[PDB]
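See structure below.
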Amino acid sequence: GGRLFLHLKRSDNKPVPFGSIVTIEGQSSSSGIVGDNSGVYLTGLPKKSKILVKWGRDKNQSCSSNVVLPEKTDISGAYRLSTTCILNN
């Protein structure tokens, strides 16, 4: 599958909080954890995914992102991608 470093930034231009939990939309278990440079490393992904990034239970404490990988198959490396995490408010 696809592996990538994903740099997330909130729609309000703040970094995503260090320690936020990343999940595939529709799944309850963790996929990864946002680190101290507001990035996460993810593997086993299809070409197009949707993720939830969460650091609390209230309004404006989670955000949603699409994750679109380039088409190329059969490579061993990792993409360095960026996307917006749109706040759920």
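Every chain in the structure tokens takes a letter, A first, then B, and so on in the order presented; its residues are numbered from 1, and the ligands are numbered from 1 following the presented order.
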Could I get the residues of segment 23-53 of chain A with an atom no further than 8 Å from an atom of segment 59-83 of chain A, each paired with its nearest atom pair and that distance in Å to one decimal, using only C-alpha atoms, sorted by chain and residue number, as CSV?
residue,atom,partner,partner_atom,distance
A:46,CA,A:69,CA,7.9
A:47,CA,A:69,CA,5.1
A:48,CA,A:68,CA,4.7
A:49,CA,A:67,CA,5.0
A:50,CA,A:66,CA,4.5
A:51,CA,A:65,CA,5.3
A:52,CA,A:64,CA,4.8
A:53,CA,A:63,CA,5.3
Query raised in the report: Which residues come within 8 Å of residue 19 of chain A, counting only C-alpha atoms, excluding same-chain residues fewer than 3 positions away, as an MDAnalysis selection string?
Result: chainID A and resid 33:36 55
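Between atom CA of residue 17 of chain A and atom CA of residue 29 of chain A the interatomic distance comes to 18.7 Å.
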Query raised in the report: Per DSSP on the backbone, what are the strand (DSSP E or B) residues of chain A, as a ChimeraX atom specification?
Result: /A:2-10,15,21-24,32-33,39-45,48-54,62-68,79-87
Report summary line: Pairwise distance, atom CA of residue 44 of chain A with atom CA of residue 7 of chain A, equals 17.4 Å
Report task. May I ask for the distance between atom CA of residue 14 of chain A and atom CA of residue 2 of chain A, given in Å to one decimal place? Result -> 27.0 Å
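Of the listed residues A:16, A:4, A:22, A:40, the one whose atoms come nearest to residue 87 of chain A is A:16, with distances taken using only C-alpha atoms.
Proximity of A:5, A:10, A:37, A:45 to residue 86 of chain A, computed with only C-alpha atoms, is greatest for A:10.
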Query raised in the report: Which neighbours of residue 8 of chain A fall inside 6 Å, counting only C-alpha atoms, when residues of the same chain fewer than 6 positions from it are skipped, and could you give them as number ranges by chain?
Result: A: 38-39, 83-84
